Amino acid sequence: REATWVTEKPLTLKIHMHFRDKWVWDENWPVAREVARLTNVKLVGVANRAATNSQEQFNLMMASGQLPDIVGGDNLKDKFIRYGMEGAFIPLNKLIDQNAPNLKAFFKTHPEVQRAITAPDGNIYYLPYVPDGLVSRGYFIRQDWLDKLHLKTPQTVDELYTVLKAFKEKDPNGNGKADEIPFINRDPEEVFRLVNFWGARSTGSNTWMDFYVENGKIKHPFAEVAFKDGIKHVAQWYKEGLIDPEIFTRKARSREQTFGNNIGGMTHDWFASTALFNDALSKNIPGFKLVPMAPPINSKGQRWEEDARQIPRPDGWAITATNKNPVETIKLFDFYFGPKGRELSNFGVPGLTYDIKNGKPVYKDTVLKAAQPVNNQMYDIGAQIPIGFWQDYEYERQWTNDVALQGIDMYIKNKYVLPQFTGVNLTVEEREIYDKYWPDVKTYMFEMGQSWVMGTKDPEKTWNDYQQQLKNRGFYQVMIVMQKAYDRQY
């Protein structure tokens, strides 16, 4: 028996949580078992472990019969809202005010967050993953390769093109082989962000292919003429091999592969984990020096850093209408917003991954000296996972080295980060159009995007057909409701 118990008799619930296309909830996780012990509530996963698409799995579950008790994961906000209104997920407003003091307090002081997760009917259908921090990604380039080739840090897109071209043809790793890949990225979507170099947006926030606002008008990056011209340039860089040919397939371990084998020359990724490669590779590649660099001046004469930490993220978990124990569930959820629950969800297990010293959670040296970035380590034990939790930046500071810190401070000080889209609140009627067309349009945009990048389709020759399809697929119907909602507020 524990004072943190949310129920006297032991309670086990089923959870479907497939996330980031490669992970599933594991009751075996140290963190999970630690929370079970402290709350007397144990969660058992039911997600298909051999799945490669989390979203597909959510749909599969939505059509596999009786739903589990809890559903969680990344990029589920729209599904939580859509099916929440359909009655698949229950409203949490009441449950919170009456049984979740930690959350009621959090929302009271975080009105923007509460608004961001509220549905058109005014109901809260899930608890979000709430990131902590300001900046997210930044550009990194091989300083040792620049020095080896006697090149200066590229300040413009034209200078960058010359640098990447040199990386490709001048054998910087000096093994006499043309094995260098100028630009690499673990996120395929970052290839689309390259259009920034030519004054075109790729997304309005940390949420991929999100809308943005410009002079009181809602716009979507993939529908703009600037994207047509910008993507032509990206396609060219891809054809010339300046961009990793496996950009859409490599994914997750692109850094360990390309930097580890000394063939990657530049990327655009999160500061902390990316800078760590300098420490992880120092022994094998002596001169290895991956450093942050300001965004190059684009075709519009500006240095853009389009990405920023998003608070909250469209990630989290909800309670299904089939959950026979809703009050205990919300209490379990509330535990995560208390001091001990938040600590576990961020650092892992005390005595395992960290220890309390001077009263503060302090990571063990075995974790800090590991070859694997600290967040990857947390994922392995059930921490820093996209459930409904409040991230604590202190967990990140401990493994943010001086190189990363310098880059972070440079971006903050120089204000390269573009204003982020804070979204809009649609009425039920407006949301109906949104849920009917947006999902499929988004899918189509990505597909067209890859085709343009890989040269299987010429953006110039297919633009009119593309615009016609966006129309036929209801994209402009979605755009109109978005604009009506935007004005309804500003």
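Quick note: we count residues from 1 along the sequence shown, nothing fancier.
K.L.:
Mean Cα B factor from the PDB record: higher for 411-419, or higher for 370-378?
P.N.:
The entry gives the higher C-alpha B-factor average to 370-378.
K.L.:
Should the higher mean CA B-factor in the entry be assigned to 260-268 or to 120-128?
P.N.:
It is 120-128.
K.L.:
Checking the record values for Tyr238, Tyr83, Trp390, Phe347, which has the greatest CA B factor?
P.N.:
The listed residue with the largest C-alpha B-factor is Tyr83.
K.L.:
Which listed residue, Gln143, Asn99, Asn401, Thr156, has the largest C-alpha temperature factor in the record?
P.N.:
Of the options given, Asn99 has the highest CA B-factor in the PDB entry.
K.L.:
Of the three thirds of its chain by CA temperature factor, lowest, middle or highest, which one includes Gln450?
P.N.:
CA B-factor rank for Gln450: lowest third.
K.L.:
Against its chain's modelled residues, does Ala47's Cα B factor rank lowest, middle or highest third?
P.N.:
Highest third.
K.L.:
Ranking every modelled residue in this chain by its Cα temperature factor as given in the entry, which third contains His150?
P.N.:
Tercile = highest for this residue's CA B-factor.
K.L.:
Select lowest, middle or highest to describe the third in which the CA B-factor of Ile15 falls within its chain in this entry.
P.N.:
Its C-alpha B-factor, which the entry lists for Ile15, ranks in the highest third among residues of this chain.
K.L.:
Compare the C-alpha B factor of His233 with those of the other modelled residues in its chain, then answer lowest, middle or highest third.
P.N.:
CA B-factor rank for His233: lowest third.
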